[PDB]
Amino acid sequence: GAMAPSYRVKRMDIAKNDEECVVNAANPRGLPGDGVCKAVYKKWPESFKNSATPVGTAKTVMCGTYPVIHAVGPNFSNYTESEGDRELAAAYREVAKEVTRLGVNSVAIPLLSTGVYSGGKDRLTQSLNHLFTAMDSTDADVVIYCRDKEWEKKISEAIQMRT
Ligand SMILES: Cn1c(N)nc2ccccc21
Ligand SMILES: Cn1c(N)nc2ccccc21
Ligand SMILES: Cn1c(N)nc2ccccc21
Ligand SMILES: [Cl-]
Ligand SMILES: [Cl-]
Ligand SMILES: [Cl-]
């Protein structure tokens, strides 16, 4: 575990993280995909061997000794708000189990279902709160990655609010 488990946010490519493992915002079929998923494919292509896994689950595949936790959030284009919300909460609970099993002291995480799977809606608060619900009981240092300068501010504010 980390000595004083924390949350942090960084606005940068998650493929250049400084943590002991990465969560991929995966598709169910283990395809190279777009956005975060394509950056993870470029950096850790070996981790996409048998990475396909259903919506609401996480599957870890090693790239060398570096763990890539493929977490499949729902595509809100296909899911109802209600069923989508349930699967998004579940994907994060499966991430917390994997981070715990691996015994890592740190993890790089994106906000699941906030990219092309958002169905166009702003889901910062919805996705971040499910991230907290899952990860609050883990003792890994969590480093949340985003692209948008204003999302970085909003995520930083939400972390500091609890401190
Ligand atoms: C959440 N997310 C994913 N998964 N891919 C992205 C690309 C750009 C911005 C945000 C993104
Ligand atoms: C930055 N950002 C992401 N990642 N998804 C969004 C949806 C609406 C507005 C802004 C959004
Ligand atoms: C496109 N993209 C990469 N490459 N890393 C990201 C982290 C968060 C959101 C979007 C991201
Ligand atoms: Cl960057
Ligand atoms: Cl997404
Ligand atoms: Cl973003």
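All residue numbers here begin at 1 and follow the chain in the order shown.
How was it done? The header gives X-ray crystallography, 1.5 Å.
The backbone N, Cα and C atoms fix where each Cβ goes, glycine too.
Now, the feature entries from the PDB entry:
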SEQADV    1-3  expression tag
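Now, the feature entries from Swiss-Prot:
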BINDING   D13, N27, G35, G115, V116, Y117  ADP-D-ribose binding site
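Structure coloured by features recorded in Swiss-Prot.
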| residue | record | DSSP (3 states) |
| --- | --- | --- |
| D13 | ADP-D-ribose binding site | coil |
| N27 | ADP-D-ribose binding site | coil |
| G35 | ADP-D-ribose binding site | coil |
| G115 | ADP-D-ribose binding site | coil |
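Proximity of distant same-chain residues to the expression tag (1-3), defined by a Cβ-Cβ separation under 8 Å and at least 6 residues beyond the stretch ends, is recorded for 105-106, 139-141.
Fewest Cβ neighbours within 10 Å among the binding-site residues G35, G115: this applies to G35.
Among the binding-site residues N27, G35, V116, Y117, the ones whose Cβ sits under 6 Å from an atom of ligand 3 are, in sequence order, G35. Less than 8 angstroms from the CB of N27 (ADP-D-ribose binding site) sit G33, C37, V72, each of them six or more residues away in the same chain. Among the binding-site residues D13, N27, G115, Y117, residues whose Cβ is positioned under 6 Å from ligand 1 are identified as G115. Sequence-distant neighbours of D13 (ADP-D-ribose binding site) (same chain, six or more apart, CB under 8 Å from its CB) are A39, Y145, listed in sequence order.
Within the set of binding-site residues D13, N27, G35, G115, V116, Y117, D13 have a CB atom less than 6 Å from some atom of ligand 4.
For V116 (ADP-D-ribose binding site), other Cβ atoms within 10 Å of its Cβ number 17.
Long-range Cβ contacts of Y117 (ADP-D-ribose binding site) within its own chain (separation 6+, distance under 8 Å): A25, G73, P74, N75, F76, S77.
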